[PDB]
Structures are given as structure tokens and as C-alpha cells.
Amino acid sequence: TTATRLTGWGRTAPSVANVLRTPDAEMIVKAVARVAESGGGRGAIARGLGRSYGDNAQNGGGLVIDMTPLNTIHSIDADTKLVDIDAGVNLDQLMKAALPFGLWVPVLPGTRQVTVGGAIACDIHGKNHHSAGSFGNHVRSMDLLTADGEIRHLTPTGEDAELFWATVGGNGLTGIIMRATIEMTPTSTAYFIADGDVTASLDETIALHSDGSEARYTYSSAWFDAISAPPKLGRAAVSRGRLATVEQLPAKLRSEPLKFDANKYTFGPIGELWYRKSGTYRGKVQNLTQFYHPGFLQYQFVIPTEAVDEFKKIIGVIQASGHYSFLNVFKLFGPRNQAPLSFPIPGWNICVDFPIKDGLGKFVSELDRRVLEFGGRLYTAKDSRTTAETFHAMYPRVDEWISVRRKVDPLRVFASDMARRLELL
């Protein structure tokens, strides 16, 4: 145990906590039993690799259990497609161990430096959400250490389904996920076949994503112009694809198919042509880094699908705001799952990255308001400054969730800055 100052990736909202770090699960079981006996008393919260920007993995004046020591891969099985892994396993470790079995991590986020625990607790998503859903959809079982000190073996359709789906996306506030079983996606290669497309306006970007062409791709995302004024506003470089088969690989690659490996023109018409040519293509074979991985306030929201005029209004609001975001990711989500606090819903999702400067705070509070008004929501993994009232209206099943949480932790053994800020205890 060590008094430490914790922050999310965005290095904001620091608090000091007693960070327990042990590879012995039993010591984690005791640590919880010591907290549950001494009242709530600021409680405890699990931490993974600290990739949430927010305050969901910190607990000012309480216990923070570092789960990364507990990183044993117990088994992988290519016939069942199941991996059995401790919660502190990360998706890069997992991805590399699973490939020799013909198995693919079913949901990968923009970084592979996240733990399995954090992937479940934030119910993370990726470029294949419209074809695969989020991470919780592929969990077949997890062992949850609850406030009573018992370890419950939960399944998605068992008798404890309710607690299972409260843990999916429950930012650790139902207990510590010790271990889980995931169903992987079968693959014969570590490569993608990608199609690329460049649009010139927001209206075209929208139109490309509503042709029906998204149904031909399992992975899809886009880089998104949020600075340029209309008509350029919302032009995008779209990148869509599928996991390749061995047959579609070049000869050089079919022997190890599963192995993991002019500036004055830029803003002128010649730059426009180059960007469009380089960004337009078909059938390009790419490994994971090339396909998936090509001071600040990180902000992410989704607008339900039908509300397209509303989504266009929000992009216009951002462009006229005087806050310039260069690194913006756009994607059309597909169906949601049954976790009450799961962030993804079918509709228009986008991430923006704002330089911290005067007026930004108040401008993002207004963004919150328009996002809420238009039926959307923010992502806890990206947030540390929204209000409980805003969050509770964005998430109309919160009360349903809070009820489950109070049954399993009546003494508030599990707690985080986020839970206090967002009124989730």
C-alpha cells in the first residue's frame, strides 16, 4: 500500500489514494473485507492501466487497487474460441497470445493498453461496433468480488444476469472483476482488407454512412474536419474494411498469415487532390497498426441515428465555437446492448480534442446541454467535468442501475471520484 496521486490519462482532477498493488488475489479479497467491515469509509475502486481520461479510476482519500499485477492468461481454446484470463490482462498481451490459435480480440479500442477489467467496466467499443457491438457483448462469464467479500460467478443469461449487465459499463462500482471468460472472433489472418473514401462536406460524409455500404464492412471509422467552415466542415477520410483471409493476402504474407508486425502545396488545390488520391483506394491489405492506428480536453458523444439534423447542428456549433479540434474521429454506431450504463447507442458518434483555453469549460457545458437535448450522451471513460443532473438525464436507466448497485454494495464499499461527482453511490 502506497499513498499516491492519481489522475486519468488527461492528467486532470488529481486526488491522493492508498494504492494497493499485489499479484495475490487473496490479499485483494482481504483488502475489500477490511473496507467492508470499517463502514463505507471512502471505500475502494479498481484501477487498470489508467487509460480513462476521467476520474472513474481514482478515489480521493480511499483505496485504489492496482489490478495490473493480476495478469495470468489461464487458457486459450481455438475450438470453443474462449480465453480465460485474469482481469489485469491487457488487450495487447491478449491479442498476441491469441493469434497463434486463429483468434481475434472481438472489440479493440484505439489503444491496446487497456485491461480486460477496464474494457468490461467501461463496456468499450471500437471501429467494428456496428457489426460486433461493444466488449460486454462477448463476455461469457466473469468472477466479481462483491462488497460481502464473496466472489460471484456471473453470466449474461444466468440468474445473476442483472448484476452481470450492471457490471458491464458500471465503472467498477459493483465490485472488482477478478477473472473473465471471453469468446473470441475466429480469424485466419492478422491483416485487414481496407477500402478508403474521402468526402468533401458533412452532408456527403452523412450520405456515405447511410447508403447501406456500412453493411459490407465489419470495421468502419473516419477522420473528421471540425475546424474548416462550411462547405468543408465535416469532410472526412473514411476507412472501412474486414479481416482478410489467407487467400486475399499477397504471397509474401501467406506463409506467416497470423504474425503480428511539398508543404506549400498542402493547403492549396494540389494538396486537395493529393489528399483525395491518397485517401481513396480499394482492396488495400493492412496490418493492425496501419489500419487501426494511423493540455487538452477529450470530449466524446453519440447522437441517436434518427436525429441527423440535430447531429449536423452540433457540428456547426463546434465549428463556430472558437475552439479548434484537429484530431476528430467519426463513426456510426450500431445496436446497443442491455447494460443500463452502457455508453454506445445506434447513431452518430464523434470524438474531439480541444486545446484547454479560456471559455472552453463553459462552452463544453453548453455542448452537454445540446447533446442531452438531442437524445445523446457522454462517455464516462472520456469525462471528468459533467454534472450529475446532466449525466442522469443522458442515462435514463441510471436509477435502474443504481438499484442494482445498492443491493450489491449497501455500505458503499466501492466508490470513486466519478461516483461522487455523478451521484452514483
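Numbers for residues come from their place in the sequence shown, where the first is 1. In this text, the rigid core denotes the largest set of C-alpha atoms whose superposition between the two forms falls within 1.5 Å.
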query: Comparing 272-280 and 193-201 where Cα RMS over structures and residues is taken in 9 other deposited structures of this protein (core fit), larger one; finding: 272-280
query: Deposited-sequence gap flanked by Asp261 and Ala262; finding: 10 or more
query: Residues with no coordinates between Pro186 and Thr187, taken from the deposited sequence as a class; finding: none
query: 87-95 versus 204-212 - greater average Cα B-factor per the deposited record; finding: 204-212
query: Higher-scoring stretch by recorded Cα B factor average, 72-80 or 231-239; finding: 231-239
query: Top Cα B factor in the deposited entry, candidates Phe326, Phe164, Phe192, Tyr217; finding: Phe326
query: Highest-ranked of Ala388, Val29, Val398, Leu378 once sorted by CA temperature factor in the record; finding: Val29
query: Third assignment of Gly62 from its chain's C-alpha B-factors; finding: highest
query: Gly136 - which third its CA temperature factor falls in, relative to the rest of the chain; finding: lowest
query: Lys284 - Cα temperature factor, lowest/middle/highest third of chain; finding: middle
query: Where the record places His293 (Cα B-factor, split into thirds across the chain); finding: highest
query: Record-listed C-alpha B factor of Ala244: chain third; finding: middle
